[PDB]
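A.B. asks: Below is start_11.pdb; it holds PDB, C-alpha atoms (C1' of nucleotides).
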```pdb
ATOM      1  CA  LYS A   6     198.126 200.629 162.123
ATOM      2  CA  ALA A   7     198.517 200.811 158.352
ATOM      3  CA  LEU A   8     196.533 200.855 155.116
ATOM      4  CA  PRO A   9     197.423 199.946 151.533
ATOM      5  CA  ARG A  10     196.497 202.328 148.758
ATOM      6  CA  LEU A  11     194.016 200.200 146.858
ATOM      7  CA  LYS A  12     192.348 198.947 150.023
ATOM      8  CA  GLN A  13     191.800 202.385 151.521
ATOM      9  CA  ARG A  14     190.505 203.422 148.106
ATOM     10  CA  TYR A  15     188.266 200.349 148.047
ATOM     11  CA  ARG A  16     186.673 201.110 151.367
ATOM     12  CA  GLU A  17     186.291 204.808 150.509
ATOM     13  CA  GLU A  18     185.068 205.257 146.931
ATOM     14  CA  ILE A  19     184.424 202.026 145.123
ATOM     15  CA  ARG A  20     181.863 200.480 147.437
ATOM     16  CA  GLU A  21     179.961 203.782 147.302
ATOM     17  CA  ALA A  22     180.024 203.916 143.515
ATOM     18  CA  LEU A  23     178.829 200.348 143.084
ATOM     19  CA  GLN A  24     176.062 201.010 145.593
ATOM     20  CA  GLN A  25     174.972 204.062 143.609
ATOM     21  CA  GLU A  26     175.114 201.937 140.439
ATOM     22  CA  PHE A  27     173.437 198.640 141.352
ATOM     23  CA  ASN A  28     171.318 199.527 144.413
ATOM     24  CA  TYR A  29     171.768 196.448 146.581
ATOM     25  CA  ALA A  30     169.541 195.880 149.602
ATOM     26  CA  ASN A  31     172.265 194.594 151.906
ATOM     27  CA  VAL A  32     175.790 195.876 151.584
ATOM     28  CA  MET A  33     176.945 192.289 152.121
ATOM     29  CA  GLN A  34     175.975 191.824 148.455
ATOM     30  CA  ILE A  35     178.708 194.335 147.547
ATOM     31  CA  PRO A  36     181.348 192.738 145.296
ATOM     32  CA  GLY A  37     184.772 192.229 146.779
ATOM     33  CA  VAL A  38     187.949 190.677 145.503
ATOM     34  CA  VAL A  39     189.010 187.687 147.593
ATOM     35  CA  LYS A  40     192.320 186.410 146.334
ATOM     36  CA  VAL A  41     194.777 186.599 143.499
ATOM     37  CA  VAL A  42     196.242 183.612 141.764
ATOM     38  CA  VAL A  43     199.482 183.039 139.901
ATOM     39  CA  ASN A  44     200.607 180.062 137.883
ATOM     40  CA  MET A  45     203.533 179.092 135.694
ATOM     41  CA  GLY A  46     203.462 175.986 133.559
ATOM     42  CA  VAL A  47     207.037 174.950 132.877
ATOM     43  CA  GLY A  48     205.966 172.311 130.360
ATOM     44  CA  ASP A  49     209.551 171.215 129.709
ATOM     45  CA  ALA A  50     209.550 169.254 132.969
ATOM     46  CA  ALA A  51     210.726 166.195 131.057
ATOM     47  CA  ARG A  52     213.520 168.173 129.357
ATOM     48  CA  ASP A  53     214.563 170.778 131.961
ATOM     49  CA  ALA A  54     213.895 169.812 135.572
ATOM     50  CA  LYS A  55     215.833 172.984 136.527
ATOM     51  CA  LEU A  56     213.695 175.681 134.923
ATOM     52  CA  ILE A  57     211.263 174.687 137.677
ATOM     53  CA  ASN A  58     213.681 175.974 140.291
ATOM     54  CA  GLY A  59     214.276 179.012 138.110
ATOM     55  CA  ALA A  60     210.568 179.814 138.058
ATOM     56  CA  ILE A  61     210.316 179.226 141.799
ATOM     57  CA  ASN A  62     213.090 181.758 142.328
ATOM     58  CA  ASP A  63     211.468 184.300 140.026
ATOM     59  CA  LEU A  64     208.067 184.088 141.687
ATOM     60  CA  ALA A  65     209.790 184.259 145.058
ATOM     61  CA  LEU A  66     211.447 187.538 144.097
ATOM     62  CA  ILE A  67     208.146 188.731 142.610
ATOM     63  CA  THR A  68     205.539 187.871 145.245
ATOM     64  CA  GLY A  69     207.512 187.520 148.450
ATOM     65  CA  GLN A  70     206.322 184.006 149.136
ATOM     66  CA  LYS A  71     207.789 180.598 148.380
ATOM     67  CA  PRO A  72     205.509 178.974 145.781
ATOM     68  CA  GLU A  73     203.765 175.653 145.630
ATOM     69  CA  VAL A  74     204.932 173.022 143.169
ATOM     70  CA  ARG A  75     201.983 171.385 141.469
ATOM     71  CA  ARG A  76     202.475 167.736 140.573
ATOM     72  CA  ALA A  77     200.947 165.902 137.639
ATOM     73  CA  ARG A  78     198.244 163.631 138.976
ATOM     74  CA  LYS A  79     197.730 161.874 135.627
ATOM     75  CA  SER A  80     200.387 160.386 133.318
ATOM     76  CA  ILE A  81     199.888 161.329 129.645
ATOM     77  CA  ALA A  82     202.873 159.956 127.758
ATOM     78  CA  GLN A  83     202.354 161.916 124.529
ATOM     79  CA  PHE A  84     204.104 164.754 126.410
ATOM     80  CA  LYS A  85     206.495 162.505 128.444
ATOM     81  CA  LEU A  86     204.247 163.410 131.374
ATOM     82  CA  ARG A  87     204.325 161.006 134.300
ATOM     83  CA  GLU A  88     202.724 160.801 137.693
ATOM     84  CA  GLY A  89     204.536 163.339 139.846
ATOM     85  CA  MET A  90     206.602 165.211 137.297
ATOM     86  CA  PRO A  91     206.578 168.894 138.393
ATOM     87  CA  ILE A  92     205.005 170.864 135.563
ATOM     88  CA  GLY A  93     204.242 174.187 137.200
ATOM     89  CA  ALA A  94     204.387 176.514 140.161
ATOM     90  CA  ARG A  95     201.446 178.234 141.794
ATOM     91  CA  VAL A  96     200.952 180.985 144.353
ATOM     92  CA  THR A  97     197.942 182.329 146.224
ATOM     93  CA  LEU A  98     197.742 185.925 147.440
ATOM     94  CA  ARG A  99     195.332 187.238 150.036
ATOM     95  CA  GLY A 100     195.061 190.454 152.013
ATOM     96  CA  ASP A 101     197.397 193.408 152.235
ATOM     97  CA  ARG A 102     200.031 191.526 150.264
ATOM     98  CA  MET A 103     197.442 191.065 147.522
ATOM     99  CA  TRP A 104     196.513 194.736 147.420
ATOM    100  CA  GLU A 105     200.191 195.656 147.327
ATOM    101  CA  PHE A 106     200.720 193.237 144.461
ATOM    102  CA  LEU A 107     197.896 194.758 142.470
ATOM    103  CA  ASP A 108     199.264 198.230 143.193
ATOM    104  CA  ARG A 109     202.680 197.203 141.888
ATOM    105  CA  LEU A 110     201.281 195.394 138.870
ATOM    106  CA  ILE A 111     199.012 198.250 137.829
ATOM    107  CA  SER A 112     201.589 200.947 138.575
ATOM    108  CA  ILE A 113     204.970 199.549 137.436
ATOM    109  CA  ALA A 114     204.717 196.558 135.101
ATOM    110  CA  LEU A 115     201.497 196.833 133.114
ATOM    111  CA  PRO A 116     202.614 200.388 132.293
ATOM    112  CA  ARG A 117     205.781 198.664 131.012
ATOM    113  CA  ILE A 118     204.233 196.241 128.497
ATOM    114  CA  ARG A 119     205.194 196.934 124.879
ATOM    115  CA  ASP A 120     202.293 198.542 123.004
ATOM    116  CA  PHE A 121     199.695 197.843 125.653
ATOM    117  CA  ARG A 122     196.476 198.854 123.946
ATOM    118  CA  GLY A 123     194.246 197.185 126.494
ATOM    119  CA  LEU A 124     193.371 194.083 128.448
ATOM    120  CA  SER A 125     190.132 192.715 127.062
ATOM    121  CA  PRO A 126     186.863 192.916 128.967
ATOM    122  CA  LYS A 127     186.303 189.333 127.780
ATOM    123  CA  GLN A 128     188.678 187.345 129.981
ATOM    124  CA  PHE A 129     185.805 186.881 132.448
ATOM    125  CA  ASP A 130     183.822 183.749 133.143
ATOM    126  CA  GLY A 131     180.307 183.128 134.424
ATOM    127  CA  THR A 132     180.288 186.048 136.849
ATOM    128  CA  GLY A 133     183.411 188.210 136.585
ATOM    129  CA  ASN A 134     186.767 186.510 137.210
ATOM    130  CA  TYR A 135     189.523 187.927 135.048
ATOM    131  CA  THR A 136     192.000 185.388 133.708
ATOM    132  CA  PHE A 137     194.822 186.943 131.678
ATOM    133  CA  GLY A 138     198.356 185.932 130.837
ATOM    134  CA  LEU A 139     201.897 187.212 130.447
ATOM    135  CA  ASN A 140     204.420 185.970 127.920
ATOM    136  CA  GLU A 141     207.622 187.067 129.676
ATOM    137  CA  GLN A 142     208.894 188.070 133.099
ATOM    138  CA  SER A 143     211.038 190.851 131.585
ATOM    139  CA  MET A 144     208.859 193.512 133.215
ATOM    140  CA  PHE A 145     208.846 193.450 137.019
ATOM    141  CA  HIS A 146     211.596 195.674 138.404
ATOM    142  CA  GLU A 147     211.229 193.289 141.316
ATOM    143  CA  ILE A 148     212.994 190.817 139.053
ATOM    144  CA  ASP A 149     216.722 190.935 138.474
ATOM    145  CA  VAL A 150     216.231 191.253 134.726
ATOM    146  CA  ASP A 151     219.946 190.715 134.013
ATOM    147  CA  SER A 152     220.183 187.074 135.110
ATOM    148  CA  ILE A 153     217.261 185.496 133.262
ATOM    149  CA  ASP A 154     218.279 182.572 131.039
ATOM    150  CA  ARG A 155     214.973 182.029 129.211
ATOM    151  CA  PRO A 156     211.487 183.484 128.947
ATOM    152  CA  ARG A 157     209.255 181.940 131.591
ATOM    153  CA  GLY A 158     205.816 183.418 131.166
ATOM    154  CA  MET A 159     202.928 183.081 133.541
ATOM    155  CA  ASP A 160     199.166 183.192 133.866
ATOM    156  CA  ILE A 161     197.230 185.330 136.323
ATOM    157  CA  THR A 162     193.598 185.109 137.312
ATOM    158  CA  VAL A 163     191.618 187.364 139.587
ATOM    159  CA  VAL A 164     188.565 186.105 141.455
ATOM    160  CA  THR A 165     185.835 188.191 143.025
ATOM    161  CA  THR A 166     182.516 187.677 144.803
ATOM    162  CA  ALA A 167     180.836 189.489 141.915
ATOM    163  CA  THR A 168     177.819 187.655 140.530
ATOM    164  CA  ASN A 169     178.033 188.731 136.874
ATOM    165  CA  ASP A 170     180.412 190.140 134.297
ATOM    166  CA  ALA A 171     178.857 193.603 134.402
ATOM    167  CA  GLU A 172     179.527 193.980 138.106
ATOM    168  CA  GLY A 173     182.960 192.451 137.648
ATOM    169  CA  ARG A 174     184.042 194.832 134.906
ATOM    170  CA  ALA A 175     182.590 197.795 136.792
ATOM    171  CA  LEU A 176     184.450 196.885 139.977
ATOM    172  CA  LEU A 177     187.735 196.279 138.209
ATOM    173  CA  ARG A 178     187.306 199.582 136.381
ATOM    174  CA  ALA A 179     186.789 201.420 139.675
ATOM    175  CA  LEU A 180     189.893 199.659 140.933
ATOM    176  CA  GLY A 181     191.833 200.720 137.842
ATOM    177  CA  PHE A 182     192.477 197.787 135.541
ATOM    178  CA  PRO A 183     193.153 199.206 132.047
ATOM    179  CA  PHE A 184     190.283 197.551 130.247
ATOM    180  CA  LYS A 185     189.640 198.347 126.633
ATOM    181  CA  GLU A 186     186.864 200.830 127.306
ATOM    182  CA  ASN A 187     184.321 199.884 124.653
TER     183      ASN A 187
ATOM    184  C1'   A B   1     224.499  92.861 132.652
ATOM    185  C1'   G B   2     220.176  94.618 135.472
ATOM    186  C1'   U B   3     216.156  98.025 134.892
ATOM    187  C1'   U B   4     212.996 102.762 134.106
ATOM    188  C1'   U B   5     210.782 105.273 130.144
ATOM    189  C1'   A B   6     203.775 108.464 133.437
ATOM    190  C1'   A B   7     198.348 109.684 133.319
ATOM    191  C1'   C B   8     194.137 112.111 131.151
ATOM    192  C1'   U B   9     191.972 111.354 126.487
ATOM    193  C1'   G B  10     184.436 110.576 123.387
ATOM    194  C1'   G B  11     190.010 103.684 121.061
ATOM    195  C1'   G B  12     195.245 104.762 120.819
ATOM    196  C1'   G B  13     198.592 108.127 118.473
ATOM    197  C1'   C B  14     199.812 113.689 117.136
ATOM    198  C1'   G B  15     198.534 118.057 119.860
ATOM    199  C1'   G B  16     197.270 120.143 124.560
ATOM    200  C1'   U B  17     197.087 119.772 129.880
ATOM    201  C1'   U B  18     198.278 118.308 135.327
ATOM    202  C1'   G B  19     199.191 122.890 141.274
ATOM    203  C1'   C B  20     196.813 127.803 143.237
ATOM    204  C1'   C B  21     193.411 132.369 142.814
ATOM    205  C1'   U B  22     188.801 134.994 140.403
ATOM    206  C1'   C B  23     184.045 134.856 137.239
ATOM    207  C1'   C B  24     179.917 132.184 134.335
ATOM    208  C1'   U B  25     177.850 127.125 133.465
ATOM    209  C1'   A B  26     176.092 126.208 138.816
ATOM    210  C1'   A B  27     169.815 125.382 138.374
ATOM    211  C1'   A B  28     168.187 132.538 144.374
ATOM    212  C1'   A B  29     172.035 128.465 151.042
ATOM    213  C1'   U B  30     176.850 125.274 150.676
ATOM    214  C1'   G B  31     178.626 121.970 146.977
ATOM    215  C1'   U B  32     178.750 119.977 141.999
ATOM    216  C1'   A B  33     181.592 117.518 136.143
ATOM    217  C1'   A B  34     183.277 117.877 130.856
ATOM    218  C1'   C B  35     189.802 118.136 126.243
ATOM    219  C1'   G B  36     183.100 123.760 128.539
ATOM    220  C1'   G B  37     183.774 129.238 128.244
ATOM    221  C1'   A B  38     187.225 134.184 129.786
ATOM    222  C1'   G B  39     191.683 135.710 132.677
ATOM    223  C1'   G B  40     195.861 135.462 135.979
ATOM    224  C1'   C B  41     199.992 133.820 139.547
ATOM    225  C1'   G B  42     205.030 130.905 141.015
ATOM    226  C1'   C B  43     205.424 138.586 142.940
ATOM    227  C1'   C B  44     206.405 143.341 145.171
ATOM    228  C1'   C B  45     206.670 146.802 149.554
ATOM    229  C1'   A B  46     211.793 152.909 154.572
ATOM    230  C1'   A B  47     206.726 152.094 153.105
ATOM    231  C1'   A B  48     202.751 150.637 148.950
ATOM    232  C1'   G B  49     203.116 148.435 156.725
ATOM    233  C1'   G B  50     201.152 150.823 162.175
ATOM    234  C1'   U B  51     198.941 155.147 164.269
ATOM    235  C1'   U B  52     196.867 160.462 164.694
ATOM    236  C1'   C B  53     194.970 164.177 161.756
ATOM    237  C1'   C B  54     193.005 166.455 157.235
ATOM    238  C1'   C B  55     190.822 166.550 152.067
ATOM    239  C1'   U B  56     187.628 164.492 148.127
ATOM    240  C1'   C B  57     187.581 162.435 142.847
ATOM    241  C1'   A B  58     186.690 161.137 137.004
ATOM    242  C1'   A B  59     183.734 163.740 133.567
ATOM    243  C1'   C B  60     181.527 167.977 131.473
ATOM    244  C1'   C B  61     180.787 173.953 130.641
ATOM    245  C1'   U B  62     183.488 178.477 130.484
ATOM    246  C1'   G B  63     187.759 181.469 130.834
ATOM    247  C1'   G B  64     192.079 181.397 129.629
ATOM    248  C1'   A B  65     200.335 182.969 126.465
ATOM    249  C1'   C B  66     203.095 179.463 123.947
ATOM    250  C1'   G B  67     199.113 174.840 124.737
ATOM    251  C1'   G B  68     196.443 171.827 120.474
ATOM    252  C1'   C B  69     191.578 166.258 122.045
ATOM    253  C1'   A B  70     194.079 166.738 126.379
ATOM    254  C1'   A B  71     199.609 169.240 130.531
ATOM    255  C1'   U B  72     199.372 173.242 135.376
ATOM    256  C1'   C B  73     195.389 177.277 136.934
ATOM    257  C1'   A B  74     190.412 179.604 138.242
ATOM    258  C1'   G B  75     185.223 179.342 138.558
ATOM    259  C1'   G B  76     180.273 176.233 138.381
ATOM    260  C1'   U B  77     177.388 171.498 137.693
ATOM    261  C1'   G B  78     179.017 166.973 139.692
ATOM    262  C1'   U B  79     176.366 160.641 145.381
ATOM    263  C1'   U B  80     180.384 158.705 143.225
ATOM    264  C1'   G B  81     180.339 157.041 136.138
ATOM    265  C1'   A B  82     187.675 157.891 138.548
TER     266        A B  82
END
```
Can you give me the file's structure in the form of structure tokens?

C.D. replies:
Amino acid sequence: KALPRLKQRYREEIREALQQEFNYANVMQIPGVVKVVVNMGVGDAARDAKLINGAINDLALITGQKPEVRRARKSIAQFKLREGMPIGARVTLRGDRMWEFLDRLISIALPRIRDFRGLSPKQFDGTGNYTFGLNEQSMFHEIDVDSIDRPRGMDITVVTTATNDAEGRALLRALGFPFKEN
RNA sequence: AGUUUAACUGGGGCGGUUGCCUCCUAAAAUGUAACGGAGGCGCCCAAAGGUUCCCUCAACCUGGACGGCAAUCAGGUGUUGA
């Protein structure tokens, strides 16, 4: 007994508009976002093993779920990197929590970037999966932006059952990502 | 004063070596020598053992903030080259 904003919108308008654009036979062919992905590469694992915990805490406060700590399966010593050194955190988002996260991101933070002209239409890949990146976490009001001791940027990537970049960009437009309309 | 002070060895000496594991020589069973050719061991292990369950890598292509030939991520090819 509840509905998020973007999901109600998705089931109302966007499916209709893509149908009226691309004319699929079955509606099962309709594109739909599955999951959302978050990652943070600490990179100074061999110099600060504590920024890892810092990033864990930030993403906790940001996404409302305890992250995963991705280990280094290979040992490349030109970076000090050794088998099992924690280099980064990672979180998966699916469902109502995902739609809420996109609502927050599109409505609070991305309208808080400094001189946001536009996210490119060219972060796609093969079929329409949008892989962008943030330099700082100085933007989410979710975050306690008084306590941060360093910039700890991140990298986001958005995956969809779309089959090509045209359908991907069209769907993400209907959903309200500020592309550079070109 | 009584006695020891090695062997192999293309004579002896000098050098090197002596035991165990793996490969070729070794001649499609086994086995087979040379001071013939290449290596290694005289350990480690609250788990790197037992059991039940689950999953598949490396590599390449692309996207991608610092990040580059490569770091973590996502998406494909990938019968198996890790």

A.B. asks: Starting from the PyMOL selection byres ((chain A and resi 45-61) around 12), expand the selection into actual residues of this file and give them as number ranges by chain.

C.D. replies: A: 42-44, 62-77, 81-96, 138-142, 148, 152-162; B: 65-67, 71-73

A.B. asks: So which residues get picked by the PyMOL selection byres ((chain B and resi 11-28) around 9) here, written as a PyMOL selection string?

C.D. replies: chain B and resi 7-8+29+32+35-41

A.B. asks: Between B:81, B:75, B:64, B:49, which residue has the minimum interatomic distance to residue 165 of chain A, considering all atoms listed in the file?

C.D. replies: B:75

A.B. asks: Out of A:127, A:10, A:109, A:122, which residue has the shortest atom-to-atom distance to chain B when counting only C-alpha atoms (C1' of nucleotides)?

C.D. replies: A:127

A.B. asks: Box time for segment 27-42 of chain B: axis-aligned, enclosing all its listed atoms, 6 Å extra on each side; report centre and edge lengths in Å to one decimal, as JSON.

C.D. replies:
```
{"center_x": 186.6, "center_y": 126.6, "center_z": 138.6, "size_x": 48.8, "size_y": 30.2, "size_z": 36.8}
```

A.B. asks: I need the residue nearest chain A from this list: B:63, B:2, B:31, B:50. Use all atoms listed in the file for the distance.

C.D. replies: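 Ranked by minimum distance to chain A, first place goes to B:63.
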
A.B. asks: Go through B:34, B:74, B:60, B:54 and flag the residue nearest chain A, using all atoms listed in the file for the distances.

C.D. replies: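 Closest to chain A of all the choices is B:74.
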
A.B. asks: Counting all atoms listed in the file, find the residues whose atoms lie at most 6 Å from (206.4, 192.1, 138.4) (file coordinates) and write them out as a list in words.

C.D. replies: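 Residues with an atom at most 6 Å from (206.4, 192.1, 138.4): residues 67, 114, 144, 145 and 147 of chain A.
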
A.B. asks: In Å to one decimal, how far is atom CA of residue 151 of chain A from atom CA of residue 107 of chain A?

C.D. replies: 24.0 Å

A.B. asks: How far is it from atom CA of residue 103 of chain A to atom CA of residue 180 of chain A, in Å with one decimal?

C.D. replies: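 So the answer is 13.2 Å.
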
A.B. asks: Report, in Å to a single decimal, how far apart atom CA of residue 38 of chain A and atom CA of residue 185 of chain A are.

C.D. replies: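 Taking atom CA of residue 185 of chain A and atom CA of residue 38 of chain A, their separation equals 20.4 Å.
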
A.B. asks: Quick one: of A:176, A:111, A:98, A:41, who's nearest to chain B, counting all atoms listed in the file?

C.D. replies: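 Distance minimum relative to chain B lands on A:41.
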
A.B. asks: Considering all atoms listed in the file, can you say which of A:126, A:133, A:116, A:168 comes closest to residue 184 of chain A?

C.D. replies: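 The closest residue to residue 184 of chain A is A:126.
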
A.B. asks: Would you kindly translate the PyMOL selection byres ((chain B and resi 55-58) around 12) into the concrete residues it picks from this file, as a list in words?

C.D. replies: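 Expected selection for the PyMOL selection byres ((chain B and resi 55-58) around 12) here is residues 78 and 79 of chain A; 53, 54, 59, 60, 78, 79, 80, 81 and 82 of chain B.
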
A.B. asks: May I ask you to restore N, CA, C and O atoms in segment 96-119 of chain A and write the result as a PDB file, keeping the file's coordinate frame?

C.D. replies:
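Output file rebuild_34.pdb follows:
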```
ATOM      1  N   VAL A  96     200.956 180.155 143.156  1.00  0.00           N
ATOM      2  CA  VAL A  96     200.952 180.985 144.353  1.00  0.00           C
ATOM      3  C   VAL A  96     199.577 181.606 144.539  1.00  0.00           C
ATOM      4  O   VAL A  96     198.924 182.024 143.575  1.00  0.00           O
ATOM      5  N   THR A  97     199.158 181.672 145.797  1.00  0.00           N
ATOM      6  CA  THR A  97     197.942 182.329 146.224  1.00  0.00           C
ATOM      7  C   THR A  97     198.317 183.597 146.976  1.00  0.00           C
ATOM      8  O   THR A  97     199.332 183.635 147.674  1.00  0.00           O
ATOM      9  N   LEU A  98     197.500 184.633 146.823  1.00  0.00           N
ATOM     10  CA  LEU A  98     197.742 185.925 147.440  1.00  0.00           C
ATOM     11  C   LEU A  98     196.451 186.439 148.035  1.00  0.00           C
ATOM     12  O   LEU A  98     195.421 186.462 147.359  1.00  0.00           O
ATOM     13  N   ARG A  99     196.516 186.862 149.288  1.00  0.00           N
ATOM     14  CA  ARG A  99     195.332 187.238 150.036  1.00  0.00           C
ATOM     15  C   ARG A  99     195.699 188.338 151.015  1.00  0.00           C
ATOM     16  O   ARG A  99     196.695 188.222 151.732  1.00  0.00           O
ATOM     17  N   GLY A 100     194.902 189.400 151.034  1.00  0.00           N
ATOM     18  CA  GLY A 100     195.061 190.454 152.013  1.00  0.00           C
ATOM     19  C   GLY A 100     195.900 191.632 151.570  1.00  0.00           C
ATOM     20  O   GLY A 100     195.906 192.021 150.396  1.00  0.00           O
ATOM     21  N   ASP A 101     196.615 192.218 152.527  1.00  0.00           N
ATOM     22  CA  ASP A 101     197.397 193.408 152.235  1.00  0.00           C
ATOM     23  C   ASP A 101     198.465 193.112 151.200  1.00  0.00           C
ATOM     24  O   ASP A 101     198.746 193.945 150.334  1.00  0.00           O
ATOM     25  N   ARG A 102     199.079 191.937 151.284  1.00  0.00           N
ATOM     26  CA  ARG A 102     200.031 191.526 150.264  1.00  0.00           C
ATOM     27  C   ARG A 102     199.395 191.509 148.885  1.00  0.00           C
ATOM     28  O   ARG A 102     200.009 191.934 147.902  1.00  0.00           O
ATOM     29  N   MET A 103     198.143 191.067 148.799  1.00  0.00           N
ATOM     30  CA  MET A 103     197.442 191.065 147.522  1.00  0.00           C
ATOM     31  C   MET A 103     197.250 192.479 147.005  1.00  0.00           C
ATOM     32  O   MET A 103     197.487 192.759 145.823  1.00  0.00           O
ATOM     33  N   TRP A 104     196.765 193.372 147.865  1.00  0.00           N
ATOM     34  CA  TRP A 104     196.513 194.736 147.420  1.00  0.00           C
ATOM     35  C   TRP A 104     197.806 195.415 146.999  1.00  0.00           C
ATOM     36  O   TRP A 104     197.839 196.166 146.020  1.00  0.00           O
ATOM     37  N   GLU A 105     198.891 195.125 147.703  1.00  0.00           N
ATOM     38  CA  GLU A 105     200.191 195.656 147.327  1.00  0.00           C
ATOM     39  C   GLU A 105     200.631 195.109 145.983  1.00  0.00           C
ATOM     40  O   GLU A 105     201.216 195.838 145.171  1.00  0.00           O
ATOM     41  N   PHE A 106     200.335 193.837 145.724  1.00  0.00           N
ATOM     42  CA  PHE A 106     200.720 193.237 144.461  1.00  0.00           C
ATOM     43  C   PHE A 106     199.959 193.867 143.316  1.00  0.00           C
ATOM     44  O   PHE A 106     200.523 194.126 142.250  1.00  0.00           O
ATOM     45  N   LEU A 107     198.671 194.112 143.518  1.00  0.00           N
ATOM     46  CA  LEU A 107     197.896 194.758 142.470  1.00  0.00           C
ATOM     47  C   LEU A 107     198.372 196.183 142.252  1.00  0.00           C
ATOM     48  O   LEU A 107     198.454 196.643 141.113  1.00  0.00           O
ATOM     49  N   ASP A 108     198.698 196.893 143.329  1.00  0.00           N
ATOM     50  CA  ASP A 108     199.264 198.230 143.193  1.00  0.00           C
ATOM     51  C   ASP A 108     200.510 198.200 142.323  1.00  0.00           C
ATOM     52  O   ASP A 108     200.622 198.949 141.345  1.00  0.00           O
ATOM     53  N   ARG A 109     201.438 197.297 142.643  1.00  0.00           N
ATOM     54  CA  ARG A 109     202.680 197.203 141.888  1.00  0.00           C
ATOM     55  C   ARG A 109     202.415 196.838 140.438  1.00  0.00           C
ATOM     56  O   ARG A 109     202.998 197.426 139.521  1.00  0.00           O
ATOM     57  N   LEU A 110     201.521 195.884 140.214  1.00  0.00           N
ATOM     58  CA  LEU A 110     201.281 195.394 138.870  1.00  0.00           C
ATOM     59  C   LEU A 110     200.680 196.481 138.000  1.00  0.00           C
ATOM     60  O   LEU A 110     201.094 196.686 136.853  1.00  0.00           O
ATOM     61  N   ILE A 111     199.703 197.196 138.546  1.00  0.00           N
ATOM     62  CA  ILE A 111     199.012 198.250 137.829  1.00  0.00           C
ATOM     63  C   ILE A 111     199.868 199.496 137.663  1.00  0.00           C
ATOM     64  O   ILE A 111     199.626 200.280 136.736  1.00  0.00           O
ATOM     65  N   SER A 112     200.879 199.687 138.511  1.00  0.00           N
ATOM     66  CA  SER A 112     201.589 200.947 138.575  1.00  0.00           C
ATOM     67  C   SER A 112     203.022 200.890 138.070  1.00  0.00           C
ATOM     68  O   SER A 112     203.637 201.950 137.917  1.00  0.00           O
ATOM     69  N   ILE A 113     203.571 199.701 137.827  1.00  0.00           N
ATOM     70  CA  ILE A 113     204.970 199.549 137.436  1.00  0.00           C
ATOM     71  C   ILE A 113     205.092 198.734 136.157  1.00  0.00           C
ATOM     72  O   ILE A 113     205.763 199.149 135.206  1.00  0.00           O
ATOM     73  N   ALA A 114     204.466 197.560 136.134  1.00  0.00           N
ATOM     74  CA  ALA A 114     204.717 196.558 135.101  1.00  0.00           C
ATOM     75  C   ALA A 114     203.779 196.698 133.909  1.00  0.00           C
ATOM     76  O   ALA A 114     204.225 196.799 132.763  1.00  0.00           O
ATOM     77  N   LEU A 115     202.491 196.673 134.160  1.00  0.00           N
ATOM     78  CA  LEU A 115     201.497 196.833 133.114  1.00  0.00           C
ATOM     79  C   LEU A 115     201.616 198.180 132.410  1.00  0.00           C
ATOM     80  O   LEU A 115     201.203 198.295 131.249  1.00  0.00           O
ATOM     81  N   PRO A 116     202.150 199.229 133.064  1.00  0.00           N
ATOM     82  CA  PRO A 116     202.614 200.388 132.293  1.00  0.00           C
ATOM     83  C   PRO A 116     204.014 200.217 131.716  1.00  0.00           C
ATOM     84  O   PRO A 116     204.662 201.208 131.364  1.00  0.00           O
ATOM     85  N   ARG A 117     204.494 198.975 131.620  1.00  0.00           N
ATOM     86  CA  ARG A 117     205.781 198.664 131.012  1.00  0.00           C
ATOM     87  C   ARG A 117     205.650 197.588 129.936  1.00  0.00           C
ATOM     88  O   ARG A 117     206.664 197.153 129.383  1.00  0.00           O
ATOM     89  N   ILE A 118     204.433 197.141 129.624  1.00  0.00           N
ATOM     90  CA  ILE A 118     204.233 196.241 128.497  1.00  0.00           C
ATOM     91  C   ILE A 118     204.411 197.018 127.198  1.00  0.00           C
ATOM     92  O   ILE A 118     204.143 198.224 127.122  1.00  0.00           O
ATOM     93  N   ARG A 119     204.872 196.321 126.165  1.00  0.00           N
ATOM     94  CA  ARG A 119     205.194 196.934 124.879  1.00  0.00           C
ATOM     95  C   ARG A 119     203.932 197.022 124.034  1.00  0.00           C
ATOM     96  O   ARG A 119     203.378 196.017 123.588  1.00  0.00           O
TER      97      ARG A 119
END
```
